[PDB]
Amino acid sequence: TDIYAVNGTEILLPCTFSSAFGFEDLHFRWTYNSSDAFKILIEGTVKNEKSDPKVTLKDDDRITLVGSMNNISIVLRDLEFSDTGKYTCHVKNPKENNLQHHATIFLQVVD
């Protein structure tokens, strides 16, 4: 679904997971898709349900993890019109052979 944000401001793009019985070695990835580009924005690991995420890839310095729920939300600051597009959070649980794709967020940056 759609979120609107003003050029030059910041926006929080949310991602929460929950685990019935915890987890080990969770991996996450946020992606961006536009009509002509794809970007892996940030990737990381979470050792278990009692650990903080560890970022292993960040390709834009305007992105930060929000910090903790079972939360891998990101804040994107200093928005530009080219930031308009589709943002998707993906969570992989190798041990459970599980991969969840959260609903794509269409961010529209406006003047």
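In case it trips you up, residue 1 is the first one in the sequence shown, and so on.
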Check your understanding: Which class describes the count of deposited residues lacking coordinates between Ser51 and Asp52: none, 1 to 3, 4 to 9, or 10 or more?
Key -> none
Point to revise | Selected stretch [higher average CA B-factor]: 59-67 or 25-33 | key: 59-67
Point to revise | Stretch with the greater mean C-alpha B-factor as recorded in the entry, comparing 83-91 against 96-104 | key: 96-104
**Study point:** Ranked against its chain, the third holding the CA B-factor of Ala5
**Key:** middle
